[PDB]
């Protein structure tokens, strides 16, 4: 359904989504440039977005993925993930990664449903990389769950 295409021009409407995932606009711009940003449109409305950054050799990661609140929960999330996997294949990558907070129960499900498997956990991650205490779904988000998926 969703029509996804490459992106090169960032505007307030787009930053709104990218900022839903990564609050720090600074860090966003870093990988937004060094990485590939794709935008998904549903007609004329900006549905969602996701960035593919290249990390370790032969390894690529989804450094950011988001869907407009008024349009999420409709299945666009899964479409983007499954799509990022395809862009990653044509990129010749061997393994694709992505990670979120231990509190993000929903995502922990979604990603796995798209083939991702949990690799390891970066303990105290959010504790040392953030000033305040992040909370979500009655859980203290303080660990970075790392997931991966081999393409072969």
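Numbering follows the first chain given and starts at 1.
- As recorded in the PDB entry, 16 to 24 is the stretch of 125 to 133 and 16 to 24 with the greater mean C-alpha temperature factor.
- Higher average CA B factor: 79 to 87, of the stretches 79 to 87 and 106 to 114.
- Out of 120, 46, 66, 51, the entry records its largest CA B-factor for 46.
- The PDB entry assigns residue 152 a C-alpha temperature factor belonging to the highest third of its chain's modelled residues.
- Per the deposited record, the Cα B-factor of residue 97 falls in the lowest third when ranked against the other modelled residues of its chain.
- Annotation for residue 42: C-alpha temperature factor in the highest third relative to the rest of the modelled chain, per the entry.
- Sort the modelled residues of the chain by CA B factor and residue 2 lands in the middle third.
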